[PDB]
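Taking the form deposited in one PDB entry, here's one chain by itself in structure tokens.
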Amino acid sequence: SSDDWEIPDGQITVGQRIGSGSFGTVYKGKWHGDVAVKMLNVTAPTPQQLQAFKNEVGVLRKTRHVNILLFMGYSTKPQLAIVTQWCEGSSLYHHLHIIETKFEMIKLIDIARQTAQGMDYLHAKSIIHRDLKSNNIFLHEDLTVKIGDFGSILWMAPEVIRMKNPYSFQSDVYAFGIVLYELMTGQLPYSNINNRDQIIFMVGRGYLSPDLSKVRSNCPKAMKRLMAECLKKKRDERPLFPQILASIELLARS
């Protein structure tokens, strides 16, 4: 009945600082091989820092799926630390918008399917991501999708923009709809608008929505319809991940 999540003291080492996330700094480290370590820089944590650490461990520890970044364990001695697997590769954001990787349609649909697979797993455990975007979709060996929260108005559903509890399974679906747009256009939405306030205001008001005419010629019509359903302005009109997953599986077979 015990998962033995608490890593024994004096075992984790950290090397190169790769970034930051939530409560601390992210490093490439060692613990039974390469690992990523999210660690709080101070030895005396504030009650908020300790609470944020506890919440993150609490959600991560409930996940065991190939499309979810693998949580390996935690430590509180000498510092608060969360350990995950180490993946060679890059985020979907880095591929599409930084190095501009040209994926074949088959691979773009497969990346969509794997993301929907991981999202369906999270929602089944009542876990709302709250920040799904291409940056949080890691391409392990540039093939397998690993969803994480690695550190975002473009992916925000209109009701999340407008604002007490605007987050739901459907606001995650809307963010997935934007990811579908990124895969099918190779672009971020609203690239012809240079004003962030305007984007926030217009999306929240329903005056602005992604330009779906920008999707590639080889994008299946069923994918374009799914994307439109995921992006509905009214949250109750959006499909849930079991239906999204079933639609992607159907269009992939053609």
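Start at 1 and count along the sequence shown; that's the residue number. Think of the rigid core as the biggest set of C-alphas that the two forms share within 1.5 Å after superposition.
As for the form deposited in another entry, it is not shown, yet the points below apply to it.
J.: Please look at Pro220, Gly204, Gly186, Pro45 and say which one has a C-alpha shift reaching 2 Å or more between this form and the one not shown, core superposed.
T.: So the residue whose C-alpha moves 2 Å or more is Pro45.
J.: When the rigid core is used for the superposition, does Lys125 move between this form and the one not shown (threshold: C-alpha shift of 2 Å or more)?
T.: Shift of 2 Å or more: no.
J.: After the core is overlaid between this form and the one not shown, has the C-alpha of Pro242 moved by 2 angstroms or more?
T.: False for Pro242: its C-alpha shift is below 2 Å.
J.: With both forms fit on the core, is the shift of the CA atom of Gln79 between this form and the one not shown 2 Å or larger?
T.: Yes, the C-alpha moves 2 Å or more.
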